Amino acid sequence: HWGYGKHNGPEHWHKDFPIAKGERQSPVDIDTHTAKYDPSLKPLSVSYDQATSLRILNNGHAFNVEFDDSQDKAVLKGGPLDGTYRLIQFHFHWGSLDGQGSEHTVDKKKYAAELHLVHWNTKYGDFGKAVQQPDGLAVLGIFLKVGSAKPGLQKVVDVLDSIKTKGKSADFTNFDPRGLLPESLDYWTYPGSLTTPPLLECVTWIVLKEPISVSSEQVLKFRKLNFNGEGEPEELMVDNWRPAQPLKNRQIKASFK
Ligand SMILES: NS(=O)(=O)c1ccc(NC(=O)Cc2cccs2)c(F)c1
Ligand SMILES: [Zn+2]
């Protein structure tokens, strides 16, 4: 099955998932000088005050913090979006080294990691239906660089020892994702895809200009996770990112001048 190794990595995905070579694949390089300011873009509306986190899961590709998405408790609206998108989970992609790890790049620059807050369009009723629609998902992407610690991330870091291997989950209630956001909500936006199989072309990407900083100790703890299940040969969960894909017939829009 698919993964991030030499024999099952991003270069191989197209064989099982031909959409990997499609017209609106993610991630992409964000060329800051070619992106166009769109003064008609509304400010992002992030309403996470009633968020209800439930669980944290190691799924063998990353770890997801999952939320109760059975009502409008934590939603994203505005920006390039029409309607309401409900937060279902967030996860990260990261590197084996601080110099790589993000999926999107900015003028070819790689960050140490990238946070994805995944939301689905409520007009489609549930996540499974949404991923089958061109405007089904909105993913808010946030770059991580290594520097000072991110206090709001620490609760996540501290539970990782309990979900070291594939298939492990742990209760994770009362986590506030507002603690993972940078100060500015300035963003770039473009139409794209899931960055892992099945690579469905259902995502409006909203990538924040301002990275958050996390400590070297924090990202080191990400790199102690395992891709494998318990009792299988240990393979560290690192470099779980897809490289930048061709932009093709798309324009990246900026919310800021
Ligand atoms: N890295 S990402 O583009 O933000 C992403 C990548 C994958 C999923 N989820 C799934 O792929 C789960 C699905 C299985 C079958 C259809 S969707 C997701 F919800 C978000
Ligand atoms: Zn992701």
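To the nearest 500 deg cm²/dmol, what mean residue ellipticity at 222 nm is calculated for the chain from DSSP H runs of n ≥ 4 alone, each contributing -39,500 (n - 2.57), summed and divided by the residues?
Working: 3 runs with 17 residues, N = 257.
-1500 deg cm²/dmol, from helical runs alone.
Output the Cα-based Rg and Dmax of the stretch 119-249 in Å, rounding Rg to one decimal and Dmax to a whole number.
For the stretch 119-249, the Cα radius of gyration and maximum Cα-Cα distance read 16.7, 46 Å.
Set the Förster distance to 22 Å, then compute FRET efficiency between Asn8 and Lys224 from the Cβ-Cβ distance, nearest 0.05.
Numbers: r = 22 Å, r/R0 = 1.00.
Calculated transfer efficiency: 0.50.
Just want the ordering: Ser169, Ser216, from fewest to most Cβ atoms lying within 10 Å of their own Cβ. Don't skip to the end; give the middle numbers.
Numbers: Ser169 16, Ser216 12.
By the 10 Å Cβ count, ascending: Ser216, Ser169.
What are the ³J(HN,Hα) values, in whole Hz, obtained from phi via the Karplus relation 6.51 cos²θ - 1.76 cosθ + 1.60 with θ = phi - 60°, for each residue of the stretch 152-167 in sequence order, with x given for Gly and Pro?
x, 8, 4, 4, 5, 4, 6, 8, 4, 4, 8, 10, 4, 10, 3, x
What relative contact order, as a whole-number percentage, does the chain give when Cα pairs under 8 Å and 6 or more residues apart are counted?
Answer for the chain is 27 percent.
If I stretch the segment between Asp72 and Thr34 completely, what's the gain in nm (0.36 nm per residue apart, minus their alpha carbon distance), one decimal?
Numbers: separation 38, 0.36 × 38 = 13.68 nm, distance 3.59 nm.
Here the answer is 10.1 nm.
Quick one: compute the contact order of the stretch 158-227, relative version, from alpha carbon pairs under 8 angstrom and 6+ residues apart, as a percent. Don't skip to the answer; put the middle values down first.
On the way: 67 pairs, mean separation 25.1, N = 70.
Relative contact order for the stretch 158-227 comes out at 36 percent.
With θ taken as phi - 60° and the coefficients 6.51, -1.76 and 1.60, list the Karplus ³J(HN,Hα) couplings across the stretch 193-200 in order, rounded to whole Hz; mark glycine and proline as x.
9, 4, 8, 10, x, x, 6, 5
Provide the percentage of antiparallel DSSP beta bridges, counting only those with both residues in the chain; round to the nearest 5. Walk me through the numbers before you get to the answer.
Values: 43 of 55 bridges.
Once the DSSP bridges in the chain are tallied, antiparallel ones form about 80 percent.
Using Cβ contacts closer than 10 Å as the measure, can you line up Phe227, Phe67 from fewest to most?
Details: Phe227 21, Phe67 25.
Least crowded to most crowded, the residues run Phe227, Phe67.
Would you mind ranking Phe92, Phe172 so that the residue whose beta carbon has the fewest other beta carbons within 10 Å leads the list?
Least crowded to most crowded, the residues run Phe172, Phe92.
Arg250 to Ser45: extension gain in nm, 0.36 nm per residue of separation minus the Cα-Cα distance?
Working: separation 205, 0.36 × 205 = 73.80 nm, distance 2.42 nm.
Between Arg250 and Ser45, full extension yields 71.4 nm more.
State the antiparallel share, in %, of DSSP beta bridges confined to the stretch 67-219, rounding to the nearest 5. The partial results should precede the final answer.
Values: 26 of 34 bridges.
If we restrict to bridges inside the stretch 67-219, about 75 percent are antiparallel.
Can you list the equivalent-ellipsoid semi-axes of the chain, largest first and in whole Å, using the square root of 5 times each Cα gyration tensor eigenvalue? Each step should come with its number before you reach the end.
On the way: eigenvalues 129, 92, 73 Å².
Calculated on Cα positions only, the semi-axes equal 25, 21, 19 Å.
Cβ sites come from the backbone with ideal geometry, for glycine too, and all protein chains shown count toward neighbours. Each reported figure results from applying straightforward, stated rules to the coordinates on display, with no laboratory input.
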